[PDB]
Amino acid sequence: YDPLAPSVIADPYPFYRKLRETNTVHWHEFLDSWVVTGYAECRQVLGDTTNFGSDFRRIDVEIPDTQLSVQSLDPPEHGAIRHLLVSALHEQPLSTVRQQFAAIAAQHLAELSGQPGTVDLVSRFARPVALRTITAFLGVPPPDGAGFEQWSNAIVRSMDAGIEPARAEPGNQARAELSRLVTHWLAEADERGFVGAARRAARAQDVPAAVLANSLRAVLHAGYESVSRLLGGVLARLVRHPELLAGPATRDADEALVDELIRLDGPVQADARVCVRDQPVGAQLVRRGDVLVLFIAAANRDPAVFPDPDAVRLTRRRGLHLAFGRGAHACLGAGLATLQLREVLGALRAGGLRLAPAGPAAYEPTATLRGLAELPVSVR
């Protein structure tokens, strides 16, 4: 299983399935990590921060204080910055957020109506919608979309530096570039929006400023890339299966549909942990110091939990999929992302546009965060 091989990138799920069917916890000797594809095993590891951590300092790896961030901190340090970010999120009025997200989606769909040629939904919809969405939520002016995507893409590709080490350095430069962007916003941002709220919250709580800046960069980059890649994958499915949008289109029906779309097309393919204390996982004894890569997109296709796992089924139990993670590090923006995809579905139905394939979905060589390079369609 070469995660960056073109045939794997074209469609990794059959390879995930072959892995899962042979062993839910495989040792990958060249990557020096456990590969976890079973739902039960991924759910176990995500929720157990006592024996599996995200802060490599807990296995005696040197991490400078200037690089600490909400994603790479474990209790008790994680709680302070986590609560700070959640408090800032909860201060945002949802009526305004939903109005902004709905208008952004409608505007970009309207620009596509009347296009007689082939249009790429990645560059023309998924990315620009995601960029304006996250910056509206943050309360900051959107940067140039093409330029921001270029810097952001370097960070995405750096998530695979364990496979291709040359990807690490461009990612570090890009992280520094986005950090200066966040630093400018912290200094100048209006009181309206998430940045203003996080700034207010930080004054009270006491968080290292470096953690706050690094954590705000995570909110920006996670918000942009996760939403962008989710929208692309969902659109890829809808263009091939337009019947998915021909359903009842009630609040409750779309709840089930959105849940299935996130389960199937959630872009996070891999979510890593380090073992802090020996613990059985699947058939294996995982040892302190071991790395585990949780293939959560594979876990969302485990047939023991999701029968007919590759299909949208509107009658599944809610709250099962792992596309937002689980436990202490569960996605801060899970509610924003579901609200956003809901509005996208609603804008598509009100737009009355039919989106037929004008060529194959083409996938970028990124293994940790799945993303389309191009999604060519005709608009009628």
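Sequential numbering from 1, following the sequence displayed.
Asks: With respect to the recorded C-alpha B factors, which stretch has the higher mean value, 218 to 226 or 194 to 202?
Replies: According to the PDB entry, the answer is 194 to 202.
Asks: On mean C-alpha B-factor from the PDB entry, just flag whether 129 to 137 or 68 to 76 is the higher one.
Replies: It is 68 to 76.
Asks: Based on what the PDB entry reports, which of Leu341, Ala350, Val312, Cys42 has the top C-alpha B-factor?
Replies: The C-alpha B-factor peaks, among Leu341, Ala350, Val312, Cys42, at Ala350.
Asks: From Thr183, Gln99, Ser158, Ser152, pick the one with the largest CA B-factor in the entry?
Replies: Largest recorded C-alpha B-factor: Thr183.
Asks: Among all modelled residues of this chain, ranked by Cα B factor, put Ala334 in the bottom, middle or top third, i.e. lowest, middle or highest.
Replies: Answer is lowest: the recorded C-alpha B-factor places it there.
Asks: By the record's CA B-factor, is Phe324 among the lowest, middle or highest third of residues in the chain?
Replies: Lowest third of the chain for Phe324's C-alpha B-factor.
Asks: C-alpha B factor of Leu4, ranked within the chain: lowest, middle or highest third?
Replies: For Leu4, whose C-alpha B-factor we compare with every modelled residue in the chain, the answer is the lowest third.
Asks: When the modelled residues of the chain are sorted by Cα temperature factor, does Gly346 land in the lowest, middle or highest third?
Replies: Tercile = middle for this residue's CA B-factor.
Asks: Report the third (lowest, middle or highest) to which the CA temperature factor of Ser179 belongs, ranking only the modelled residues of the same chain.
Replies: It belongs to the highest third of the chain when residues are ordered by C-alpha B-factor.
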